[PDB]
Every structure is written in structure tokens, then in C-alpha cells.
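Trainee: Line order of the protein sequences matches chains S and L. First residue of the first sequence? That's 52 in the numbering used here, and the numbers climb one at a time after it. First residue of the second sequence? That's 52 in the numbering used here, and the numbers climb one at a time after it.
There are 2 protein chains.
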Amino acid sequence: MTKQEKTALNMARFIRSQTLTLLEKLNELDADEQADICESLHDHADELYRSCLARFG
Amino acid sequence: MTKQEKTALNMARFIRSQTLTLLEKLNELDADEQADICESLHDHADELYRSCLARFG
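1. At least one CB of chain S closer than 8 Å to the CB of residue 76 of chain L: is that the case?
2. At a cut of 8 Å, does the segment 73-89 of chain L reach the segment 83-91 of chain S through at least three beta carbon pairs?
3. Taking only beta-carbon atoms, is residue 64 of chain S less than 8 Å away from chain B?
4. Does the separation of the CB atoms of residue 88 of chain L and residue 99 of chain S fall below 8 Å?
5. Output, in chain order, the set of chain L residues within a Cβ distance shorter than 7 Å of residue 98 of chain S.
6. For residue 102 of chain L, tell me which candidate among L:90, L:69, L:64 and L:74 has the shortest Cα-Cα distance.
7. Looking only at its chain, what residues have a beta carbon closer than 7 Å to the beta carbon of residue 92 of chain S, apart from the 5 residues adjacent to it on each side?
8. Would you please verify whether the beta carbon of residue 102 of chain S is less than 8 Å from any beta carbon of chain L?
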């Protein structure tokens, strides 16, 4: 229903944000293997936010 | 250890936590197509944390 569907969409949104913010942090630290994995993680996080926005938006 | 390295690790752990909570909540909402992407996302969140734990913790 609306409140738990909305909060599922809001969790997918802040996870997409957090993968950008952690990629920036990994990049300042010079941690290049981890920064690649986090860039890719941000690709998956995007696809899930789009999927959740399509269903619950 | 740098403080910043620990900020990176805690956030990689958070994303690990939340893609999993969101995965279970998407299964509770019977949202199959979204639960499929979130399981793959959580897997990579888990992978990023293992990598960052080895390097920063």
C-alpha cells in the first residue's frame, strides 16, 4: 500500500544517492578497485530506482 | 585510521544493510521485477563492503 510502497521507493532513492557519495569518498581516498565496484553499484542502484519509480511513483 | 577511511567503510556497510532491507520489503510488496534487480544490487553492495572491509577496517 501507499506508505510502504512510498518508503520502498525512498530507500531505493537514498541508496542511489549513497553510491554516488561513497564513490566520491573512495575516489578521494585513491581506492581505485573499490571505486570501480561502486561505480558499477551505482549503475545497479539506478536501474532499481527507475524500476521502483515505475511501479510506485 | 584516517577517520575518512572509516566513513567510507561505514557507508559501504550501510548500503549493504539497506539494499537487503529493501529487498525483503520488495518481496513483501510482491514486486517481483523490482525484487530481482534489488537482489543483484544487494549482491554487489555485499561485494563492495567485503573489499572495503579488507582495505579500511
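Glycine included, C-beta positions come from ideal geometry on N, C-alpha and C.
Mentor: According to the data block:
1. The count along the second sequence starts at 1 and reaches residue 76 of chain L at position 25. Closer than 8 Å: yes.
2. No: the two stretches stay apart, fewer than three of their Cβ pairs being nearer than 8 Å.
3. Here the protein chains are S and L, and chain B is not one of them.
4. For the purposes of this step, residue 88 of chain L is identified with residue 37 of the second sequence, where counting begins at 1. For the purposes of this step, residue 99 of chain S is identified with residue 48 of the first sequence, where counting begins at 1. Yes.
5. Reading the first sequence from its first residue, position 47 is the one you call residue 98 of chain S. For a Cβ distance threshold of 7 Å, residue set 88 of chain L lies close to residue 98 of chain S, ordered along the chain.
6. Taking the second sequence and counting its residues from 1, the one referred to as residue 102 of chain L is at position 51. The shortest Cα separation from residue 102 of chain L among L:90, L:69, L:64 and L:74 belongs to L:64.
7. Sequence index remark: in the first sequence, residue 92 of chain S carries index 41 (1-based). Closer than 7 Å at the Cβ level, and outside the excluded window around residue 92 of chain S, lie 70.
8. By 1-based counting over the first sequence, the position of residue 102 of chain S is 51. Closer than 8 Å to some Cβ of chain L, the Cβ of residue 102 of chain S qualifies, so yes.
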